[PDB]
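The chain that follows stands alone, in the form deposited in one PDB entry, written as structure tokens.
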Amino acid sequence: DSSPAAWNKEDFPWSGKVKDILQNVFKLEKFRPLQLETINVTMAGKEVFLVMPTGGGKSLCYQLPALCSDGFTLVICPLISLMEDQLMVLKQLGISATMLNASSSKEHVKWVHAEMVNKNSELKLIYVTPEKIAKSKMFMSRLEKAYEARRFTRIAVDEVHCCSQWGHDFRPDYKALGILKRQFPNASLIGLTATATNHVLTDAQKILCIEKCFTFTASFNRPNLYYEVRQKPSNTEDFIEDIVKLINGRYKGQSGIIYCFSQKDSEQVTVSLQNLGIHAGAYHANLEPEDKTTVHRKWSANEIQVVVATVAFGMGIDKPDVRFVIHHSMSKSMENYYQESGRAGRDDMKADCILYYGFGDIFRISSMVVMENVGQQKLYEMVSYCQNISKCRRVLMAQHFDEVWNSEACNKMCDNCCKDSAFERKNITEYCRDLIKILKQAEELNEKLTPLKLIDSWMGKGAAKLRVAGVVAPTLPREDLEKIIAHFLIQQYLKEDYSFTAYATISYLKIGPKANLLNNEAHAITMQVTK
């Protein structure tokens, strides 16, 4: 990762053009960090990789250079939806652009092929899927003619991490993309990604073969962002009522994003907010382009205060003044949470990120991510973050990314750093043994306990057939009992057992690997609690 700072200047011959395009065409005041350095390197003919979090402004770094020189820029994109979002932005800006995909008509393909070799064509950006490279010789023939005509002099590979086999959403189509630099060496190539471990970037560079390449990585910490974790109420109605209290009481009239586990959750939450007077609109990539345009148009004009998006893939939410981000359910992984929470405060002003932690959400996410190899492990790391009540959120967040060392001070910008309080180490060894007795009886009774059922037996609720006479009621609030069970599951005193039913995957709790340590009478189990 060579230093961008040498390139953070506007003394270049093209600098006047770059400033002219940025202000007059893109209607943008100032470059965001690493934008200018990335743009200069591409205009210098050098290969560059830009690692920037989603919503950081990656797209400008190759759209602007396209307008600074004659001819068009080839953009490789993996998703049709991603291509559509860029085209809508470009169309609003008056920049000529087009796309090719498998579903594109024969006539449109003919037009795009004609425009590529056309001397006077107005096209500046052409977006194609990697399939059009690997599996269309006809498109390659036009591309070769265009290259020899100097029609196109640069290439952008969005989601460049897909080239590497280790990258998320690795695509066999992306493997073939090395043909580009081999066949068109004179065209500079730029790779854009938001999730980029260093070994992933080097592998992708090998695939493209590109040999020497600048890699610019955005700073991890966002000083203006406030990170908080709140308990999620057991019912679904006081929760939305609580959210409306937060929105009116602290962010009255301010834009914000609500993240939900599922698409139907976003629709359900959107209706609930609307009935309470909050102007809200659901957004997800499953939306038709007309729906996406209307929600984006309404949100930008502040006709809609709150956008309710889905965690799974929701990511056309570009607005510089997002004052708050609220997670209706906890993120799937810490890696996802940083991306989702990082939408807020792109204007660099103070913004709040509130995560609502719920015991039920743990198992709902666990069943979904069962096929993922590390899905449970990534989720359990997220659970640990919610559990913690003393450590600074930035320190906790940093520890989940070995790729970044963040020494920046919190400056009272998280719930734990804020709040001066004292903590003990409450013993919970007795509680763990009591839960084991309930579980052991179930195994002999050949019945599986859901976490809901297991907690019911502990408190004296539920079917009496799943009871131990000697187990006394915890005499603690139910939410506290959920945390104790969650702590045991994290520590592997309990383990999740998954049942595959026809309807859905179901999580059941079972005796964990570490329960045999309870045989030692001197063994103790403790957890942080406020005094």
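The term rigid core refers to the most C-alpha atoms you can superpose between the two forms while keeping them within 1.5 Å. One rule holds for the numbers: they count along the sequence shown, beginning at 1.
Although not depicted, the form deposited in another entry is the subject of the following passage.
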{"item": "Core-fitted Cα difference of 2 Å or more between this form and the one not shown, single residue among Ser390, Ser367, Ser96, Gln387", "value": "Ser96"}
{"item": "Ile39 C-alpha moves between this form and the one not shown by 2 Å or more, core aligned", "value": "yes"}
{"item": "Rigid core fit then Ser457 CA moved by 2 Å or more between this form and the one not shown", "value": "no"}
{"item": "Is_shifted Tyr337 between this form and the one not shown (CA, 2 Å cut-off, rigid core)", "value": "no"}
